[PDB]
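Just one chain is shown here, as structure tokens, and it is the form deposited in one PDB entry.
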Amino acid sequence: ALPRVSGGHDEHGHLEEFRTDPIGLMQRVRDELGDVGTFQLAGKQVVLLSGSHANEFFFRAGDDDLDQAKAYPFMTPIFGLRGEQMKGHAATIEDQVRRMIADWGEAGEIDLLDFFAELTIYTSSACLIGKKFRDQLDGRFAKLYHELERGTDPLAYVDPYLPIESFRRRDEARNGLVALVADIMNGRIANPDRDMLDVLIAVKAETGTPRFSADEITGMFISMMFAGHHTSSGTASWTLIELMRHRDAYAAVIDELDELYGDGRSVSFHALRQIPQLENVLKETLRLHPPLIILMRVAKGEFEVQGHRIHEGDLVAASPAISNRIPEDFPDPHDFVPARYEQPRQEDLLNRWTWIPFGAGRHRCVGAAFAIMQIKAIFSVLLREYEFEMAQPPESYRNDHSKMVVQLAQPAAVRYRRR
């Protein structure tokens, strides 16, 4: 029997705690057991790995050893990048941001979750599907997509179809998205530049009838946008929050942006090049607030890690939330220190197996370049156009960890004023 963390005396073991304070649970696993420890998620044992040694095993393991295929049961009901194009995407993102703030005026107040959740729906759809498709979208799409993400309660590890309100809303939201897509398809029929939707609409089945239904197309689009939406949305929100919490960093970023853009080149040029201060703020934001706090796998065989035996069928997990703060690897792990990424320390590069907001090894984030470029493009526009201030106590900004998809809790109010 592998070492088991304390508690977990509820009906589904540690499931209830996982649904309320997953980070505290995972930290207790490490504090009590070390690099290899377990907790019970309903009828499934989760082997939580942490530390460089254990993480190296996790990230260097291929599909034949650790598989992600059936590690996330909450996604089944929901589903149903090249540098060459990066310059174009940067310009697209700049355009989407300018469109989102077009009605801001001289001063006002926004809720970060509402703002960035909607903005990232537009940037994601425009870049991945096409500008033509994004132009046929409005706030409704973002609202429905949010419901999908809110439908990821860990109870899915018991059963993804339990009769609970969040799952009911998840299913209703997906039907709503199918209807929006169907409306767009019908709109193109009556009122005819092409995008991915046009490509799918054109395919015919072995009978002359359209191959893909609105439902199938919607599932494809939902899946294409799922990796980058909540992650980019949360990262943008927390980047702004930490800049406001640390005015010295904010000031340094502003001076840097004003100096860099002084060469007269566009955001599509600069968002693909170094913006030092902002990049380090982003790295530190990701270390402290990793959008994915836990990564899951299903063991396909028997492996030994530090004397601990892992058997086939076992759920195996790594945690950016916990690993990103190991005190031995990151001096003063709970403090916001962008300087830890400067050439002298480079703590992100030095800790290859523990600085994992973007994963590592064979599972390196393929969208990281795009995500970093997006943050650079977004803030190149926002910070040069407006000044931001917190509208609530600095310590009151927090994440909601009740669903597998972590999202900012409300309120998250910020005030702006033209520069």
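When you see a residue number, it is the position in the sequence shown, counting from 1. C-alpha atoms forming the largest set that superposes within 1.5 Å between two forms make up the rigid core.
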| item | value |
| --- | --- |
| Size class of the missing deposited segment between residue 208 and residue 209 | none |
| Unmodelled deposited residues between residue 80 and residue 81, binned | 10 or more |
| Entry-level comparison of average CA B-factors, 170 to 178 and 208 to 216, reporting the higher stretch | 208 to 216 |
| Which of 154 to 162 and 225 to 233 has higher mean CA B factor, as the PDB entry lists it | 154 to 162 |
| Top Cα B factor in the deposited entry, candidates 97, 240, 295, 299 | 299 |
| Highest recorded Cα temperature factor - choice among 118, 149, 109, 258 | 258 |
| Chain-wide C-alpha B factor ranking for residue 332, given as lowest, middle or highest third | middle |
| Residue 137 CA temperature factor, ranked by third within the chain | middle |
| Assigned third (lowest, middle, highest) for the C-alpha B factor of residue 250 | middle |
| Modelled-residue ranking by C-alpha temperature factor, third containing residue 9 | highest |
| Chain thirds of CA B-factor: placement of residue 59 | highest |
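Below: the form deposited in another entry, not depicted.
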{"property": "Residue showing a 2 Å-or-more C-alpha displacement between the shown form and the other one once the rigid core is overlaid, selected from 99, 131, 211, 273", "result": "211"}
